[PDB]
$ cat entry-v9.pdb   # PDB, C-alpha atoms
ATOM      1  CA  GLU A   1      90.857 135.057 195.302  1.00  0.00           C
ATOM      2  CA  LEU A   2      87.799 137.094 194.315  1.00  0.00           C
ATOM      3  CA  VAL A   3      87.809 140.808 195.170  1.00  0.00           C
ATOM      4  CA  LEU A   4      90.187 141.697 198.006  1.00  0.00           C
ATOM      5  CA  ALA A   5      90.244 145.245 199.396  1.00  0.00           C
ATOM      6  CA  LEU A   6      93.887 145.562 198.292  1.00  0.00           C
ATOM      7  CA  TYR A   7      94.752 147.044 201.698  1.00  0.00           C
ATOM      8  CA  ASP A   8      92.044 147.297 204.373  1.00  0.00           C
ATOM      9  CA  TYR A   9      90.244 150.620 203.851  1.00  0.00           C
ATOM     10  CA  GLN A  10      89.067 150.652 207.482  1.00  0.00           C
ATOM     11  CA  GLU A  11      86.265 153.229 207.462  1.00  0.00           C
ATOM     12  CA  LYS A  12      86.269 153.969 211.194  1.00  0.00           C
ATOM     13  CA  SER A  13      86.486 151.533 214.107  1.00  0.00           C
ATOM     14  CA  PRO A  14      85.019 147.981 213.975  1.00  0.00           C
ATOM     15  CA  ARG A  15      81.560 149.271 213.061  1.00  0.00           C
ATOM     16  CA  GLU A  16      81.274 150.415 209.446  1.00  0.00           C
ATOM     17  CA  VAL A  17      82.890 149.012 206.302  1.00  0.00           C
ATOM     18  CA  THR A  18      86.413 148.255 207.534  1.00  0.00           C
ATOM     19  CA  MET A  19      88.573 145.698 205.725  1.00  0.00           C
ATOM     20  CA  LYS A  20      91.894 144.257 206.897  1.00  0.00           C
ATOM     21  CA  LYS A  21      94.769 142.556 205.070  1.00  0.00           C
ATOM     22  CA  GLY A  22      92.568 140.784 202.536  1.00  0.00           C
ATOM     23  CA  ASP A  23      89.423 139.127 203.874  1.00  0.00           C
ATOM     24  CA  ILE A  24      87.695 139.896 200.562  1.00  0.00           C
ATOM     25  CA  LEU A  25      84.097 141.101 200.313  1.00  0.00           C
ATOM     26  CA  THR A  26      81.045 141.014 198.035  1.00  0.00           C
ATOM     27  CA  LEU A  27      79.691 143.975 196.067  1.00  0.00           C
ATOM     28  CA  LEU A  28      77.267 145.212 193.415  1.00  0.00           C
ATOM     29  CA  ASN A  29      78.761 146.930 190.365  1.00  0.00           C
ATOM     30  CA  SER A  30      80.906 150.062 190.752  1.00  0.00           C
ATOM     31  CA  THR A  31      84.027 148.382 189.360  1.00  0.00           C
ATOM     32  CA  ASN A  32      84.574 150.415 186.192  1.00  0.00           C
ATOM     33  CA  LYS A  33      82.194 153.379 186.339  1.00  0.00           C
ATOM     34  CA  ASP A  34      81.780 153.744 190.102  1.00  0.00           C
ATOM     35  CA  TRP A  35      83.736 152.485 193.112  1.00  0.00           C
ATOM     36  CA  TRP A  36      82.022 153.241 196.427  1.00  0.00           C
ATOM     37  CA  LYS A  37      79.607 150.350 196.974  1.00  0.00           C
ATOM     38  CA  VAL A  38      80.033 146.781 198.212  1.00  0.00           C
ATOM     39  CA  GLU A  39      78.518 144.051 200.388  1.00  0.00           C
ATOM     40  CA  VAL A  40      80.707 142.714 203.199  1.00  0.00           C
ATOM     41  CA  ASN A  41      77.726 141.529 205.244  1.00  0.00           C
ATOM     42  CA  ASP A  42      74.525 142.643 203.516  1.00  0.00           C
ATOM     43  CA  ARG A  43      74.618 146.443 203.694  1.00  0.00           C
ATOM     44  CA  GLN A  44      75.221 149.642 201.728  1.00  0.00           C
ATOM     45  CA  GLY A  45      78.984 149.305 201.331  1.00  0.00           C
ATOM     46  CA  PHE A  46      81.081 152.454 201.021  1.00  0.00           C
ATOM     47  CA  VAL A  47      84.542 151.053 200.297  1.00  0.00           C
ATOM     48  CA  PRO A  48      86.782 152.020 197.327  1.00  0.00           C
ATOM     49  CA  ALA A  49      86.708 148.653 195.555  1.00  0.00           C
ATOM     50  CA  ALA A  50      89.040 150.116 192.927  1.00  0.00           C
ATOM     51  CA  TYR A  51      91.583 147.981 191.048  1.00  0.00           C
ATOM     52  CA  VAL A  52      90.344 145.050 193.135  1.00  0.00           C
ATOM     53  CA  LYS A  53      90.097 142.026 190.833  1.00  0.00           C
ATOM     54  CA  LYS A  54      88.260 143.367 187.766  1.00  0.00           C
ATOM     55  CA  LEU A  55      85.408 141.077 188.817  1.00  0.00           C
ATOM     56  CA  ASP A  56      82.747 140.957 186.102  1.00  0.00           C
TER      57      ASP A  56
END

$ encode --input "entry-v9.pdb" --output "structure tokens"
Amino acid sequence: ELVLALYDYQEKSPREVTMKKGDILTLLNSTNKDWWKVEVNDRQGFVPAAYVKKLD
């Protein structure tokens, strides 16, 4: 309960931003205007983050 990926995304292999099921992940803006930045483990996220959890 926070901001699940809503699927998994899985960028490419267990290296880059790759979610699974719903392990959730942090992020910085890009919820309404943008949607290609997050923070799963302190890094320049590149996941969709669209229609996640409308987190303020």

$ resolve_selection --input "entry-v9.pdb" --expression "the PyMOL selection byres ((chain A and resi 52) around 7)" --output "VMD selection string"
chain A and resid 3 to 6 49 to 51 53 to 54

$ write_last_selection --input "entry-v9.pdb" --atoms "C-alpha atoms" --output "PDB file, in the frame of the given file"
ATOM      1  CA  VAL A   3      87.809 140.808 195.170  1.00  0.00           C
ATOM      2  CA  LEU A   4      90.187 141.697 198.006  1.00  0.00           C
ATOM      3  CA  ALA A   5      90.244 145.245 199.396  1.00  0.00           C
ATOM      4  CA  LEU A   6      93.887 145.562 198.292  1.00  0.00           C
ATOM      5  CA  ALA A  49      86.708 148.653 195.555  1.00  0.00           C
ATOM      6  CA  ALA A  50      89.040 150.116 192.927  1.00  0.00           C
ATOM      7  CA  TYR A  51      91.583 147.981 191.048  1.00  0.00           C
ATOM      8  CA  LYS A  53      90.097 142.026 190.833  1.00  0.00           C
ATOM      9  CA  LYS A  54      88.260 143.367 187.766  1.00  0.00           C
TER      10      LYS A  54
END

$ closest_residue --input "entry-v9.pdb" --among "A:18, A:8, A:1, A:48" --to "residue A:33" --atoms "only C-alpha atoms"
A:48

$ closest_residue --input "entry-v9.pdb" --among "A:2, A:55, A:7, A:14" --to "residue A:31" --atoms "only C-alpha atoms"
A:55

$ atom_distance --input "entry-v9.pdb" --atom1 "atom CA of residue A:56" --atom2 "atom CA of residue A:39"
15.2 Å

$ atom_distance --input "entry-v9.pdb" --atom1 "atom CA of residue A:34" --atom2 "atom CA of residue A:12"
21.6 Å

$ residues_near_point --input "entry-v9.pdb" --point "(79.8, 144.4, 202.2)" --cutoff "10 Å" --atoms "all atoms listed in the file" --output "PyMOL selection string"
chain A and resi 16-19+24-28+37-47
